[PDB]
Amino acid sequence: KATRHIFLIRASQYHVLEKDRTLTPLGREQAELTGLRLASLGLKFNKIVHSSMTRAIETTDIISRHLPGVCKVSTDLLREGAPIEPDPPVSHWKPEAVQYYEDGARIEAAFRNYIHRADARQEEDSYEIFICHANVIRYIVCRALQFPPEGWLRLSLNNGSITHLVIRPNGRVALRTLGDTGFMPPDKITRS
Amino acid sequence: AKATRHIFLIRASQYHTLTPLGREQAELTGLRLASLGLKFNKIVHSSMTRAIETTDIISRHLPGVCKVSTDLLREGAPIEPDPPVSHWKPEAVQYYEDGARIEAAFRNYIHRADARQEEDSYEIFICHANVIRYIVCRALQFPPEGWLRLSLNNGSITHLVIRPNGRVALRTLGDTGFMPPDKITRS
Amino acid sequence: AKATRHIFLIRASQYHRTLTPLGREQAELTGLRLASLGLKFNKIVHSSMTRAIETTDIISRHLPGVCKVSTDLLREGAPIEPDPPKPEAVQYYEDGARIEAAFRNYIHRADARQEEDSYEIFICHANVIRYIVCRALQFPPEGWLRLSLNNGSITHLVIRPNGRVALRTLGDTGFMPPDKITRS
Amino acid sequence: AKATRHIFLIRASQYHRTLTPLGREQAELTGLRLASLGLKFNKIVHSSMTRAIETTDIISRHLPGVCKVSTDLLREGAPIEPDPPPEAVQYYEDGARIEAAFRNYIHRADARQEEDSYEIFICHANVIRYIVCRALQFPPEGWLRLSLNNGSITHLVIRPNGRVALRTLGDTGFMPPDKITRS
Amino acid sequence: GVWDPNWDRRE
Amino acid sequence: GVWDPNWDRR
Amino acid sequence: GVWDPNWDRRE
Amino acid sequence: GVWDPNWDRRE
Amino acid sequence: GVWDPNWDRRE
Amino acid sequence: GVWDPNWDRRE
Ligand SMILES: [Mg+2]
Ligand SMILES: [Mg+2]
Ligand SMILES: [Mg+2]
Ligand SMILES: [Mg+2]
Ligand SMILES: [Mg+2]
Ligand SMILES: [Mg+2]
Ligand SMILES: [Mg+2]
């Protein structure tokens with residue numbers, strides 16, 4: 001009966017040990033802007049589910065400041081990884097078969113557990129924020145639209161961008177926006 | 001082919017010709033495009049009234065960018081969507097002609113840079129919802145029948161990048177983050 | 001669909017990309033002929049290429065009050081690899097799609113809205129017209145280069161309301177003095 | 001083969017039997033046109049049908065000194081059942097005859113022929129349309145998808161490599177519109 | 001070779 | 001390349 | 001629909 | 001889902 | 001080698 | 001019932 005609005009937010013620009021892979025100052029500004037935008041949409045968000053990676057945790061802290069009273073939830077399922085071998089293959093980055101073997105199962109589990117039509121027990125349209133990472137979100141988008149998942153690398157997502165998926169109670173999926181950063185000043189938009 | 005092509009597909013603003021809100025939307029889209037700090041090569045636009053109006057408003061913020069009209073980018077029915085929508089059922093003749101035309105648009109405008117192109121290009125294509133979504137599905141080599149699995153707001157910016165080796169990246173789809181939420185529409 | 005469509009496909013006159021002096025004289029001869037046919041033409045659709053627009057202007061002088069329309073669909077191109085055989089494949093890939101779109105949108109039986117017979121003038125280019133003709137007759141399109149059209153020529157297609165197609169003239173330039181007939 | 005063959009297939013003018021008065025006028029206009037092209041014609045091959053002989057005589061006055069030749073092969077008939085839609089025997093008989101006409105008259109130049117030839121073939125609607133479909137290697141059953149005015153000029157070019165170009169079909173631009181007929 | 005009567009749809 | 005209506009089994 | 005270069009048997 | 005590198009005929 | 005009775009299209 | 005030596009992708 002309900003429709004689910006899924007807002008996938010990519011972590012802001014960060015420093016490239018994971019613990020020391022924290023947001024850059026520009027990343028802080030980007031997350032600040034994203035929080036401003038989310039707060040200005042006038043929506044009552046149900047949850048902020050976020051990856052357990054440092055940069056996702058920090059982007060979540062900043063965004064959560066603008067959405068007081070929104071439940072926060074941590075997940076290992078949403079951590080960044082290598083979902084499937086991309087086609088066409090990209091040569092600078094080429095993970096080992098083990099990374100596909102592990103991360104594909106984990107990220108596919110994430111897609112199946114979080115991307116679905118509302119449960120029949122659901123009362124009203126939901127508005128949910130998912131703060132995670134580039135590869136994860138791109139794979140989620142390919143899977144949700146039932147496009148070949150090997151094409152996740154055909155997408156590109158700016159830091160702090162908002163990707164809006166809509167799942168109607170009949171299971172149909174609409175991608176209403178991908179990589180939205182129009183709310184950021186152009187000089188502060190990054191992909192890395 | 002050494003240059004990269006940046007294609008900005010803009011959906012026509014809200015219409016009944018443009019509504020008052022639609023004209024405001026085109027104003028916002030033009031402001032954003034001009035504030036990106038890019039030197040645009042051309043504005044290719046559908047020859048439909050609302051496309052001409054959106055182009056007129058946007059062009060004021062990008063004076064001196066060549067403008068081009070085309071019938072190829074006019075709105076139409078590219079192919080039967082999958083899954084079916086039972087609120088919109090054009091006839092076979094419409095798919096037959098409009099698919100040929102929209103596919104011609106895709107082939108003529110979406111490609112890697114010509115060998116003679118020396119510098120990266122930034123090009124604006126102002127057209128329509130179905131055309132843009134079909135263009136997007138084809139450029140990414142996704143099943144075109146899924147063009148209706150996408151949704152585009154009025155005046156939104158869709159950023160496509162074509163690398164000189166033929167690789168295609170969808171940098172953004174339906175971007176309207178530059179408009180006040182209360183001014184965003186799909187119809 | 002109770003009306004019949006008469007389609008007059010005119011090839012652009014000689015050009016260099018403006019018309020040559022001879023090309024303009026050719027366009028004048030074509031316009032005189034069209035005006036002397038004793039027909040009331042509904043529209044003039046023309047390619048947006050320079051020479052097509054110039055030939056259209058010249059012809060339009062003799063057809064006062066006839067609606068004029070420009071299209072990118074009718075611009076010259078390489079529709080398919082001719083058989084028997086040289087452009088690059090990218091050109092076939094782009095131009096074939098566009099020329100086929102032109103054919104599908106402009107060559108068909110009369111629409112239900114059309115009650116009376118129409119006479120329509122299409123000013124384009126050699127390859128476009130020849131491809132249109134091969135398609136309209138349901139002849140193998142790969143043979144479009146087995147046809148040849150002089151500059152300023154008139155090709156008369158008739159599409160009957162039941163979808164049947166008759167080619168009544170192809171490449172007619174008998175109205176031009178032989179010393180002014182050219183193919184390039 | 002070294003030379004190129006230029007073939008002018010001309011439909012007999014309007015007739016009743018013999019030519020109508022308008023038919024005679026049409027044949028006169030066609031002869032005028034051919035004489036005004038500035039070509040030295042090699043031969044005039046014509047069907048042996050009354051109307052073909054009449055159009056040939058009229059045209060011939062304007063091209064005197066051009067060899068005249070008669071053929072029964074070029075006589076009118078029904079070559080094939082057209083697609084889209086005469087007893088089966090007429091297709092059976094006339095198809096063989098018109099196919100023979102096509103094979104004997106439409107081909108690349110003989111190797112001995114040194115200079116380009118320009119030949120006029122005065123015959124009939126069905127024969128010419130079938131000839132054109134065959135020469136272009138288009139489906140012959142589509143011969144009825146073409147239409148030819150009385151006295152019209154159809155120009156075929158056969159290059160010494162056997163490739164064929166159709167330059168004009170049913171040309172009557174040299175006639176005043178009020179004198180153009182198809183029957 | 002065989003005419004398609006629905007070449008333009010519209011049949 | 002055809003849409004599955006039961007992708008989420010729901 | 002392949003062009004036959006020997007249609008007239010004179011190649 | 002397997003990419004054609006000659007999709008635009010400019011490879 | 002079997003005789004066709006409609007050889008002349010007149011059966 | 002054959003053992004896969006690369007079950008964990010680490011050979
Ligand atoms: Mg902070
Ligand atoms: Mg990330
Ligand atoms: Mg639109
Ligand atoms: Mg031309
Ligand atoms: Mg050809
Ligand atoms: Mg006759
Ligand atoms: Mg004729």
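Computed from the coordinates by the stated procedures, all read-outs in this text should not be read as laboratory data. Backbone-built Cβ (ideal geometry, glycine too); neighbour counts: all protein chains shown.
Things to note:
- For D:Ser152, nonlocal amide neighbours, meaning residues 5 or more places apart or on other chains whose placed amide H falls under 5 Å from its own, are D:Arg11.
- Residue-wise HN-Hα couplings along region D:104-119, as the Karplus relation 6.51 cos²θ - 1.76 cosθ + 1.60 with θ = phi - 60° gives them from phi, are 6, 10, 10, 5, 6, 4, 5, 4, 5, 4, 9, 10, 4, 10, 10, 10 Hz; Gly and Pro carry x.
- Table column - 3J(HN,Hα) (Hz), region D:3-10, Karplus curve with 6.51, -1.76, 1.60, x for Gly and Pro: 8, 9, 9, 9, 10, 9, 8, 10
- HN-Hα J in Hz across region A:48-61 - Karplus 6.51, -1.76, 1.60, θ = phi - 60°, x for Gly and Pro: 10, 8, 9, 4, 8, 6, 3, 4, 5, 5, 6, 4, 5, 4
- Residue-normalised convex hull volume from the C-alpha trace of region D:53-161: 122 Å³ per residue.
- Distance histogram in 10 Å bins (all Cα pairs of the protein assembly as shown, percent per bin): 2, 11, 19, 19, 14, 11, 10, 7, 4, 1, 0
- Amide H to amide H distances under 5 Å link D:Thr168 with D:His155, where only residues 5 or more positions off or on other chains count and H is placed in the peptide plane.
- Going from the fewest other Cβ atoms within 10 Å to the most, the residues D:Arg145, G:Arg9 appear in the order G:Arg9, D:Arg145.
- Charge dipole (Cα centre; +1 on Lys/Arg Cβ, -1 on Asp/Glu Cβ; no other charges) of the protein assembly as shown amounts to roughly 1320 debye.
- Neighbouring Cβ atoms from other chains, within 10 Å of the Cβ of residues in D:157-165, number 4 on average.
- Distant-in-sequence amide H partners of A:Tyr14 (H built 1.01 Å from N, under 5 Å): A:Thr24
- Inter-chain Cβ neighbour average for residues B:138-147, partner chain, 10 Å: 5
- Both radii come from the Cα set of chain C: Rg as radius of gyration, Rh as Kirkwood radius; their ratio Rg/Rh reads 0.95.
- Sequence of A:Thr59, D:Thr154, A:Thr75, B:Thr70 once ranked by neighbouring C-beta atoms within 10 Å, starting from the fewest: A:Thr75, B:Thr70, D:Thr154, A:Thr59
- In the protein assembly as shown, helices alone account for a calculated mean residue ellipticity at 222 nm of -9500 deg cm²/dmol, with every DSSP H run of four or more residues adding -39,500 (n - 2.57).
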